[PDB]
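First the structure, in the form of structure tokens, and then the observations on it.
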Amino acid sequence: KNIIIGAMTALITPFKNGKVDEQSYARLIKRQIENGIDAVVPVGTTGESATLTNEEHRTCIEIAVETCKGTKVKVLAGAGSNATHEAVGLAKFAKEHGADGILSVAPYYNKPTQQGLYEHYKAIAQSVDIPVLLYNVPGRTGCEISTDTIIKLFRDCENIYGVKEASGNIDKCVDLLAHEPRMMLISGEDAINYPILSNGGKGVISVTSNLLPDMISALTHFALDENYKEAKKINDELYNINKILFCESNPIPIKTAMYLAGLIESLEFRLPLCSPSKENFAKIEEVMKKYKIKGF
Amino acid sequence: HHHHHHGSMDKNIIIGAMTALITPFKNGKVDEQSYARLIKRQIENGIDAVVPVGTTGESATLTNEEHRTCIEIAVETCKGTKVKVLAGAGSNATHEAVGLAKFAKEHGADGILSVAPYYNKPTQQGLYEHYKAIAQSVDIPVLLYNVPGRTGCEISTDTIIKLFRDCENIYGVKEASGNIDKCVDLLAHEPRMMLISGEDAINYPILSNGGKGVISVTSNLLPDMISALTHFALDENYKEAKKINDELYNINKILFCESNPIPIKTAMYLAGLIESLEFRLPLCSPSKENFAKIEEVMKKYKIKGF
Amino acid sequence: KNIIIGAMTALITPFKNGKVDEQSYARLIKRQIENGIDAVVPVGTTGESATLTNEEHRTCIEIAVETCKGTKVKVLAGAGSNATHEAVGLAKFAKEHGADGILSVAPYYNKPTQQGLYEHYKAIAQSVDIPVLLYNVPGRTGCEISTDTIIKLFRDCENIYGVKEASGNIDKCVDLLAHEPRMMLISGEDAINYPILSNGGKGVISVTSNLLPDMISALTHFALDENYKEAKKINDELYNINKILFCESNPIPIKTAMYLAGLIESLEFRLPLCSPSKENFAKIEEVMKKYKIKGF
Amino acid sequence: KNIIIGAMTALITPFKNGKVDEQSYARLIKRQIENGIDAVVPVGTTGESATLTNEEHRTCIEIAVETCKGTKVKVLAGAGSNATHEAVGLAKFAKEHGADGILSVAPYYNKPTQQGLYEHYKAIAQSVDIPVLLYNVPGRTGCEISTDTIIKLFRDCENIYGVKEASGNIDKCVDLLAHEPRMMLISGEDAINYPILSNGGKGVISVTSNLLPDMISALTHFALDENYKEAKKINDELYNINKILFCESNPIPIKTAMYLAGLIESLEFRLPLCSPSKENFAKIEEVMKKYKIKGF
Ligand SMILES: N[C@@H](CCCC[NH3+])C(=O)O
Ligand SMILES: N[C@@H](CCCC[NH3+])C(=O)O
Ligand SMILES: N[C@@H](CCCC[NH3+])C(=O)O
Ligand SMILES: N[C@@H](CCCC[NH3+])C(=O)O
Ligand SMILES: [Mg+2]
Ligand SMILES: [Mg+2]
Ligand SMILES: [Mg+2]
Ligand SMILES: [Mg+2]
Ligand SMILES: [Mg+2]
Ligand SMILES: [Mg+2]
Ligand SMILES: [Mg+2]
Ligand SMILES: [Mg+2]
Ligand SMILES: [Mg+2]
Ligand SMILES: [Mg+2]
């Protein structure tokens, strides 16, 4: 099986005058590459998938692919949708425009059954010939991909090689790798990156790495080298910033932090996302003071 | 200039017994001629309003063109009758929801339903700005829609009341949260709003506390019973309304043994009201066990034909 | 069946120098009788069941029985326990000492199965010949008595006549009375007293009635006569105090309010229960100013 | 601080004819000592604390103390209660009768505030001079000891040295040891024993070790010696039995399994606990067949 693992960043999407700032997007991706990141994920939840147009979603995949040329860094394109026909179209676009793989979030809002989830992902995997990583985040979608469904998809479909888990459920992470140890479990919760890696997870798809790419990369690579002491030391040091980046719904805090660090020009969202409360803005600024934030 | 005193300024409303219409498919396309026939069946069985393309209508998997087409068919079919069209126009992107709202206005809908943004979990401030922009885009009634089990977010009682008091067109909320405490909270602090039940099994408890209508899944199958329940309740004949709500519990519950609208489409198919048990992925046929369970509950109810 | 319905009060237990103030207990119950209450419940959760000794628990049942002699008010003695042999002993004491019926909370902490709950209540009901009211409060016990178990118990044991529901689940209340309309459903959540009664419930067991017995009494009797408009008006007017009485864990706010109204001499709890925060103390006082509180 | 760490067993309490089988209890403890277990915990939830009399609870502490005398195995006596005066009395008994420390579950059913929890445990810790381990299990108690309260108690009272966590929340486990790495975090959920130990936890209090003391012992000692690969291997191999032992509420499955293994003479509980369902009886019987169960 082809795989995409290691330290990965769920990229924020910067706006200027309501438009995607395509030149700041490329600059932010190069900053990730230059700080030890193994792959980048354009247009996930962190990238404001919901409020981009279909053209804008596709444009950001192209920029990521272009920016990573000549490097070892891969593009795991965000291509999920709650409509199977939309998700297949995004999968085919990413394949035909040079992405190395795709991420595929579980359908949100319409709550498919486990059978429907299996048929949803089977259609996606049959549409392309590049790796497909499942993405489970029940707090946002309203549904859960069960362990049985995940494992069945891993064994029945060639391109499906693992799952990104954002469920705060370490028991399920043990369940997954105890019954299918060949799968690639990827952490989708920054605060518990180390516990997932220490149980055999093979990477992270990170919000914090937008701000601190070198620290997330070092944490992951320490763990992959079985230097558990050093990986845990970074995970413990990062807890305070990992928590404050979710005081409000992601990506509101991380964009606030990137703005306070001078890495994005303006603190701009697309509705229904908005600026954080003045209280939480001050809380984020205060937590940041304990970390050394790399520039460009 | 904006202000905070819209509560008692005359708000156009859409209340009574309302149906969240299923969307029939034929060879993967919207069966536009079965859609019109089903809406006419609703009109002839005492329903006061219809809601095209909600969650029950598989809004998520329809294209933008198909979503707009189904609103047009509903508007056309209810012309010359007392039945209103409350167009489903929600989106998790504010610019999409504004575009749908303006479409519904410009093509003759009587009002709009607007679900709270799903998946991206906006803050209460974000929800306020989301709804504020939608309501300022049109001049027809806007009913908020709270269903946290599907969206991942909740519109607070405080936010709902602020929107009611700050914007002219927001006139109430459809609640699908299984939280009768919140329903008491809403009408005790803002009794001028229209609380609409979005949970069939508890239609009567919501109406008995001052709710003014239902937006029902069960009425797809049994429109006469849901309409009679509501009109009994609106006339304060609570004994007869409760008697029907009790009779419908078994079917109200079994219609969610799997995720709506999988059971209701199965039942409409078992009743001969649609030609195919067709969904758009990721939705699918129910399990064989749940199929039998649905068939088996239906037998105790009288289902009106065409 | 023989039943105990209507407006009922979950009595607070006052302490004086670390012992139960038995003369304040009697004075408080007499205040309930004179303000339209139909029954009183000694030693529930509100009465600090957990921290009373077995002798004090039994003494408090005795005081309630004595005080309601010669009146229309009944005593529904609190007799629950998470050990069946303890719950049987309390039930038999209540019977032998003149209680009109018993309330029996579902076993807490040890989480029995539905089969175990059935055997638990069957042994209790067979031990006495007075009415037994089940009590479901999953947020405190960790278990739920299923609708099926409640209906089975109602139909299989002669003296079990209903359930007190404190689960915030109006769907379950419709389920209960649609499938077994002969049972007595009793509200155990003050804020939704009117919605439960309007669906056919026949009474409440109230925390707020400790402070405002006349208002809860009028609400219940209005509703039982199908004067729903007048009952809803009181339920709506009581929402603010109904909510603030749970700003902290019951019975901390209600005992605070009774002290703030001068109805008890000292604001004393038994650890692990404690006085509320300074802020919540002031918040309860401010909500109270909007209500008419009867004295002695 | 004095501490009690390592691989520990939450002992089942066998009954025979409705009484505690005191000779089987001692025999079971000797089996634990002989399989590398570092300490035993009499009368927890697994020991049916709720349904034992005050005298039976105290007797089982005495049997554990006597059976482990002259050996290296410690006794961490279960002494919790939802009434502070009861918990202090149990704590003093354990001290006066030779226990090495005490475990003290957070108060169940009456839901104290964080301030009440602090005063509850401060009173317990001041009553004795032996180590005190807190016990958080919100699914059974209805309350949670916050990270702040645990750390404050650890820093303010000499005897309080850690917490047994049974909340399925690895984020909280990272939170605890990142802000107070000197405390002893003890796993209270068998399925995730290895992830908690891999983050710096120093022991387990196990249900599964009743049946497989050698395997739980080996898992813990592998982890404490930083052989993470071998500890994970055992944790992964134990997942199936760890899960089936909670198909129904603990200790119903574990007693069933001990009965099926011939380690106790009768499968009898005290109401409200009861035998499992017939299908669940068969399910436990299977999972056991994949494991090698040591005898006496
Ligand atoms: N509002 C749409 C937009 C999708 C286009 C970007 N992926 C959704 O969240 O599904
Ligand atoms: N999957 C998209 C499609 C919307 C198309 C119009 N109903 C969504 O649910 O937002
Ligand atoms: N702590 C004991 C007290 C029993 C005394 C009677 N309520 C319990 O909660 O079960
Ligand atoms: N049922 C009481 C009795 C305890 C006696 C031994 N701790 C309780 O669970 O607290
Ligand atoms: Mg995706
Ligand atoms: Mg700046
Ligand atoms: Mg006409
Ligand atoms: Mg909508
Ligand atoms: Mg107000
Ligand atoms: Mg009781
Ligand atoms: Mg008791
Ligand atoms: Mg009258
Ligand atoms: Mg204990
Ligand atoms: Mg735990």
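Numbering starts fresh at 1 for the residues of each chain in the structure tokens, the chains themselves are lettered A, B, ... in the order given, and ligands are numbered from 1 as they appear.
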
Within 6 Å of chain C, which residues of chain B show up when using only C-alpha atoms, listed as an MDAnalysis selection string? chainID B and resid 181 188 202 246

Residues just named, written with N, CA and C atoms as an mmCIF file, in the first residue's frame:
```cif
data_model
loop_
_atom_site.group_PDB
_atom_site.id
_atom_site.type_symbol
_atom_site.label_atom_id
_atom_site.label_comp_id
_atom_site.auth_asym_id
_atom_site.auth_seq_id
_atom_site.Cartn_x
_atom_site.Cartn_y
_atom_site.Cartn_z
ATOM 1 N N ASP B 181 -37.090 21.798 28.286
ATOM 2 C CA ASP B 181 -36.650 22.911 29.119
ATOM 3 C C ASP B 181 -36.348 24.138 28.270
ATOM 4 N N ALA B 188 -41.068 31.614 27.769
ATOM 5 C CA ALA B 188 -41.219 32.352 29.015
ATOM 6 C C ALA B 188 -40.535 33.707 28.943
ATOM 7 N N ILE B 202 -42.866 14.531 19.904
ATOM 8 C CA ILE B 202 -43.225 15.457 20.971
ATOM 9 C C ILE B 202 -43.948 16.676 20.401
ATOM 10 N N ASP B 246 -50.478 10.419 21.001
ATOM 11 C CA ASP B 246 -50.268 9.084 21.554
ATOM 12 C C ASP B 246 -50.445 8.020 20.467
#
```

Neighbouring residues of residue 244 in chain C were defined as those with any atom within 9 Å, considering only C-alpha atoms; residues of the same chain fewer than 3 positions away were excluded. Please report them as a ChimeraX atom specification. /C:239-241,247-248,253,280,283-284,287

Please return as a count of residues only the residues found within 9 Å of ligand 12, counting only C-alpha atoms and all ligand atoms. 4

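For the pair CA of residue 246 in chain D and CA of residue 111 in chain C, the interatomic distance is 11.8 Å.
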
Closest atom pairs, chain A residues within 7 Å of ligand 6, only C-alpha atoms and all ligand atoms, as a Markdown table:
```
| residue | atom | partner | partner_atom_place_in_ligand_line | distance |
| --- | --- | --- | --- | --- |
| A:259 | CA | ligand 6 | 1 (Mg) | 6.0 |
| A:260 | CA | ligand 6 | 1 (Mg) | 4.5 |
| A:261 | CA | ligand 6 | 1 (Mg) | 6.6 |
| A:262 | CA | ligand 6 | 1 (Mg) | 5.7 |
```

Which of range 62-250 of chain A counts as strand (DSSP E) under DSSP, as an MDAnalysis selection string please? chainID A and resid 74:78 101:105 132:136 160:165 184:187 203:206

Expected selection as a ChimeraX atom specification for ligand 8 within 9 Å, only C-alpha atoms and all ligand atoms: /B:51-55,59,87-91,97,112-116,144-145

Can you work out which one of D:71, D:161, D:110, D:263 has the shortest atom-to-atom distance to residue 46 in chain C, counting only C-alpha atoms? D:110

How many Å separate CA of residue 26 in chain B from CA of residue 277 in chain B?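 Computing it gives 9.2 Å between the two atoms.
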
At a cut-off of 6 Å and counting only C-alpha atoms and all ligand atoms, what residues surround ligand 4? Please answer as a ChimeraX atom specification. /C:81-83 /D:49-54,57,81

Per-residue DSSP, range 191-244 of chain B, filtered to helix (DSSP H, G or I), as number ranges by chain: B: 200-208, 218-220, 223-234, 238-244

Keeping only N, CA, C and O atoms, take the residues you just selected and write them out as a compact mmCIF listing (two decimals), in the first residue's frame.
```txt
# COMPACT_ATOMS: atom_id res chain seq x y z
N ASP B 200 -41.31 14.95 15.75
CA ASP B 200 -42.69 14.51 15.60
C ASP B 200 -43.24 13.89 16.88
O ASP B 200 -44.40 14.13 17.24
N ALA B 201 -42.42 13.10 17.58
CA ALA B 201 -42.92 12.37 18.74
C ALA B 201 -43.38 13.30 19.85
O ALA B 201 -44.20 12.89 20.68
N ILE B 202 -42.87 14.53 19.90
CA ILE B 202 -43.23 15.46 20.97
C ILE B 202 -43.95 16.68 20.40
O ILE B 202 -43.86 17.78 20.96
N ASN B 203 -44.68 16.48 19.30
CA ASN B 203 -45.47 17.56 18.72
C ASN B 203 -46.43 18.15 19.74
O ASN B 203 -46.49 19.37 19.93
N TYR B 204 -47.20 17.30 20.42
CA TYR B 204 -48.19 17.80 21.37
C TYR B 204 -47.56 18.52 22.56
O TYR B 204 -48.04 19.61 22.91
N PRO B 205 -46.53 17.98 23.23
CA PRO B 205 -45.94 18.75 24.34
C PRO B 205 -45.45 20.13 23.93
O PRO B 205 -45.57 21.08 24.72
N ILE B 206 -44.92 20.28 22.72
CA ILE B 206 -44.48 21.60 22.29
C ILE B 206 -45.68 22.51 22.03
O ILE B 206 -45.67 23.68 22.42
N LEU B 207 -46.72 21.98 21.38
CA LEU B 207 -47.91 22.78 21.13
C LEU B 207 -48.62 23.15 22.44
O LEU B 207 -49.14 24.27 22.57
N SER B 208 -48.66 22.23 23.40
CA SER B 208 -49.32 22.49 24.68
C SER B 208 -48.62 23.59 25.48
O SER B 208 -49.25 24.18 26.36
N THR B 218 -43.52 12.78 9.72
CA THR B 218 -44.61 11.81 9.68
C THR B 218 -45.73 12.23 8.73
O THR B 218 -46.38 11.37 8.13
N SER B 219 -45.96 13.53 8.59
CA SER B 219 -47.03 14.02 7.72
C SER B 219 -46.81 13.67 6.25
O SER B 219 -47.77 13.72 5.47
N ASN B 220 -45.57 13.35 5.85
CA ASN B 220 -45.35 12.81 4.51
C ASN B 220 -46.24 11.59 4.27
O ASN B 220 -46.84 11.45 3.20
N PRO B 223 -50.62 12.74 6.42
CA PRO B 223 -50.87 14.19 6.54
C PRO B 223 -52.15 14.54 7.29
O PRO B 223 -52.17 15.53 8.03
N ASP B 224 -53.21 13.74 7.12
CA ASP B 224 -54.48 14.06 7.77
C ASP B 224 -54.36 13.97 9.29
O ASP B 224 -54.99 14.75 10.02
N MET B 225 -53.58 13.02 9.80
CA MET B 225 -53.47 12.86 11.24
C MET B 225 -52.63 13.98 11.85
O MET B 225 -52.99 14.52 12.91
N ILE B 226 -51.53 14.36 11.20
CA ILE B 226 -50.70 15.44 11.72
C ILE B 226 -51.45 16.77 11.68
O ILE B 226 -51.41 17.55 12.64
N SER B 227 -52.14 17.05 10.58
CA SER B 227 -52.92 18.28 10.48
C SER B 227 -54.03 18.33 11.53
O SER B 227 -54.28 19.38 12.13
N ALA B 228 -54.73 17.21 11.75
CA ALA B 228 -55.79 17.20 12.76
C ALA B 228 -55.24 17.42 14.16
O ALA B 228 -55.83 18.16 14.95
N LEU B 229 -54.12 16.78 14.49
CA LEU B 229 -53.47 17.00 15.78
C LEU B 229 -53.20 18.48 16.01
O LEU B 229 -53.50 19.02 17.08
N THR B 230 -52.61 19.14 15.01
CA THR B 230 -52.22 20.54 15.15
C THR B 230 -53.43 21.44 15.30
O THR B 230 -53.42 22.35 16.15
N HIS B 231 -54.47 21.22 14.50
CA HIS B 231 -55.63 22.11 14.56
C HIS B 231 -56.42 21.91 15.84
O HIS B 231 -56.94 22.88 16.41
N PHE B 232 -56.52 20.67 16.32
CA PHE B 232 -57.07 20.43 17.65
C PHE B 232 -56.30 21.22 18.70
O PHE B 232 -56.90 21.89 19.56
N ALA B 233 -54.97 21.16 18.65
CA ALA B 233 -54.14 21.83 19.65
C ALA B 233 -54.29 23.34 19.57
O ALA B 233 -54.37 24.02 20.60
N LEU B 234 -54.32 23.89 18.35
CA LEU B 234 -54.45 25.34 18.19
C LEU B 234 -55.79 25.85 18.70
O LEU B 234 -55.89 27.02 19.09
N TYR B 238 -56.90 20.06 23.82
CA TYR B 238 -55.69 19.31 24.12
C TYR B 238 -55.98 17.82 24.29
O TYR B 238 -55.11 16.99 24.02
N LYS B 239 -57.19 17.47 24.74
CA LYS B 239 -57.51 16.06 24.92
C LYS B 239 -57.48 15.32 23.59
O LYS B 239 -56.90 14.23 23.50
N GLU B 240 -58.04 15.91 22.53
CA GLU B 240 -58.03 15.23 21.24
C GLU B 240 -56.66 15.27 20.58
O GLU B 240 -56.26 14.30 19.93
N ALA B 241 -55.93 16.38 20.76
CA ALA B 241 -54.58 16.46 20.21
C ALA B 241 -53.66 15.44 20.87
O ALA B 241 -52.88 14.76 20.19
N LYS B 242 -53.75 15.30 22.20
CA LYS B 242 -52.94 14.31 22.89
C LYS B 242 -53.31 12.89 22.46
O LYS B 242 -52.44 12.03 22.35
N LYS B 243 -54.60 12.65 22.18
CA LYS B 243 -55.02 11.30 21.77
C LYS B 243 -54.36 10.91 20.45
O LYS B 243 -53.94 9.77 20.27
N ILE B 244 -54.24 11.87 19.53
CA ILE B 244 -53.59 11.56 18.26
C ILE B 244 -52.08 11.44 18.44
O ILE B 244 -51.46 10.51 17.91
```

Chain D residues near chain C (6 Å cut-off, only C-alpha atoms) as a PyMOL selection string: chain D and resi 51+83-84+109+112+116+120+140-142+271-274

All residues having an atom within 9 Å of ligand 5 (only C-alpha atoms and all ligand atoms) as a JSON list (two decimals) with N, CA and C atoms, in the first residue's frame:
```json
[["chain", "number", "residue", "atom", "x", "y", "z"],
["A", 41, "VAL", "N", -1.85, 19.74, 4.03],
["A", 41, "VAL", "CA", -3.24, 19.41, 3.74],
["A", 41, "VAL", "C", -3.98, 20.70, 3.42],
["A", 42, "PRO", "N", -4.23, 20.99, 2.14],
["A", 42, "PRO", "CA", -5.02, 22.17, 1.79],
["A", 42, "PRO", "C", -6.52, 21.94, 1.96],
["A", 43, "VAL", "N", -7.20, 22.98, 2.44],
["A", 43, "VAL", "CA", -8.66, 23.06, 2.52],
["A", 43, "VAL", "C", -9.27, 21.90, 3.29],
["A", 44, "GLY", "N", -8.98, 21.82, 4.58],
["A", 44, "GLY", "CA", -9.75, 20.99, 5.48],
["A", 44, "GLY", "C", -10.75, 21.82, 6.24],
["A", 45, "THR", "N", -11.12, 21.34, 7.43],
["A", 45, "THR", "CA", -11.87, 22.21, 8.34],
["A", 45, "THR", "C", -11.06, 23.44, 8.69],
["A", 49, "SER", "N", -13.04, 24.91, 4.51],
["A", 49, "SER", "CA", -13.65, 24.18, 3.42],
["A", 49, "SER", "C", -15.08, 24.64, 3.13],
["A", 77, "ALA", "N", -4.44, 16.16, -0.39],
["A", 77, "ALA", "CA", -5.45, 17.17, -0.69],
["A", 77, "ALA", "C", -6.74, 16.90, 0.08],
["A", 78, "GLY", "N", -7.27, 17.94, 0.72],
["A", 78, "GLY", "CA", -8.59, 17.85, 1.32],
["A", 78, "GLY", "C", -9.64, 17.74, 0.24],
["A", 79, "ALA", "N", -10.44, 16.67, 0.26],
["A", 79, "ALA", "CA", -11.38, 16.44, -0.82],
["A", 79, "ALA", "C", -12.71, 15.88, -0.33],
["A", 80, "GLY", "N", -13.05, 16.09, 0.95],
["A", 80, "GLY", "CA", -14.27, 15.52, 1.49],
["A", 80, "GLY", "C", -15.51, 16.35, 1.20],
["A", 81, "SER", "N", -16.66, 15.69, 1.32],
["A", 81, "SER", "CA", -17.97, 16.30, 1.12],
["A", 81, "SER", "C", -19.03, 15.39, 1.72],
["A", 87, "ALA", "N", -17.72, 14.52, -3.52],
["A", 87, "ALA", "CA", -16.44, 14.00, -3.03],
["A", 87, "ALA", "C", -15.68, 13.25, -4.12],
["A", 102, "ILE", "N", -5.33, 12.04, -1.01],
["A", 102, "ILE", "CA", -6.47, 12.84, -0.60],
["A", 102, "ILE", "C", -6.87, 12.48, 0.82],
["A", 103, "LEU", "N", -7.37, 13.49, 1.53],
["A", 103, "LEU", "CA", -8.07, 13.34, 2.80],
["A", 103, "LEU", "C", -9.56, 13.44, 2.52],
["A", 104, "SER", "N", -10.36, 12.66, 3.24],
["A", 104, "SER", "CA", -11.80, 12.55, 2.95],
["A", 104, "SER", "C", -12.60, 12.51, 4.25],
["A", 105, "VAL", "N", -13.18, 13.66, 4.63],
["A", 105, "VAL", "CA", -13.93, 13.76, 5.88],
["A", 105, "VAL", "C", -15.24, 12.98, 5.77],
["A", 106, "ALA", "N", -15.65, 12.40, 6.89],
["A", 106, "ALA", "CA", -16.93, 11.70, 6.93],
["A", 106, "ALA", "C", -18.07, 12.68, 6.67],
["A", 134, "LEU", "N", -9.05, 8.29, 5.44],
["A", 134, "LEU", "CA", -10.32, 8.63, 6.06],
["A", 134, "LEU", "C", -10.11, 9.69, 7.15],
["A", 135, "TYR", "N", -11.19, 10.38, 7.50],
["A", 135, "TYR", "CA", -11.13, 11.45, 8.50],
["A", 135, "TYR", "C", -12.40, 11.40, 9.35]]
```

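Taking atom 7 (N, counted along the ligand's line) of ligand 1 and CA of residue 23 in chain A as endpoints, the distance between them is 20.7 Å.
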
Counting only C-alpha atoms and all ligand atoms, which protein, DNA or RNA residues come within 10 Å of ligand 9, given as a JSON list (two decimals) with N, CA and C atoms, in the first residue's frame?
```json
[["chain", "number", "residue", "atom", "x", "y", "z"],
["B", 157, "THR", "N", -30.75, 30.16, 23.45],
["B", 157, "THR", "CA", -31.98, 30.90, 23.70],
["B", 157, "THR", "C", -31.74, 32.40, 23.60],
["B", 158, "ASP", "N", -30.63, 32.88, 24.18],
["B", 158, "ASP", "CA", -30.31, 34.30, 24.12],
["B", 158, "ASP", "C", -30.11, 34.78, 22.69],
["B", 161, "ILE", "N", -33.51, 34.95, 20.80],
["B", 161, "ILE", "CA", -34.32, 36.08, 21.23],
["B", 161, "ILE", "C", -33.74, 37.39, 20.71],
["B", 162, "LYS", "N", -32.42, 37.53, 20.73],
["B", 162, "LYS", "CA", -31.78, 38.73, 20.18],
["B", 162, "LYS", "C", -32.13, 38.91, 18.71],
["B", 165, "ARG", "N", -35.60, 40.13, 18.29],
["B", 165, "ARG", "CA", -35.78, 41.53, 18.67],
["B", 165, "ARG", "C", -35.00, 42.49, 17.78],
["B", 185, "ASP", "N", -37.94, 27.87, 28.32],
["B", 185, "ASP", "CA", -37.06, 29.03, 28.37],
["B", 185, "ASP", "C", -37.41, 30.05, 27.27],
["B", 186, "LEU", "N", -37.61, 29.56, 26.05],
["B", 186, "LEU", "CA", -37.84, 30.45, 24.91],
["B", 186, "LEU", "C", -39.13, 31.25, 25.08],
["B", 187, "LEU", "N", -40.24, 30.57, 25.36],
["B", 187, "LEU", "CA", -41.53, 31.24, 25.39],
["B", 187, "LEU", "C", -41.80, 31.95, 26.71],
["B", 188, "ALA", "N", -41.07, 31.61, 27.77],
["B", 188, "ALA", "CA", -41.22, 32.35, 29.02],
["B", 188, "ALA", "C", -40.54, 33.71, 28.94],
["B", 189, "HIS", "N", -39.44, 33.80, 28.20],
["B", 189, "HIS", "CA", -38.70, 35.06, 28.10],
["B", 189, "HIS", "C", -39.07, 35.86, 26.86],
["B", 190, "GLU", "N", -39.62, 35.23, 25.83],
["B", 190, "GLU", "CA", -40.08, 35.93, 24.63],
["B", 190, "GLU", "C", -41.34, 35.28, 24.11],
["B", 191, "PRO", "N", -42.48, 35.52, 24.76],
["B", 191, "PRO", "CA", -43.73, 34.84, 24.35],
["B", 191, "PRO", "C", -44.27, 35.28, 23.00]]
```
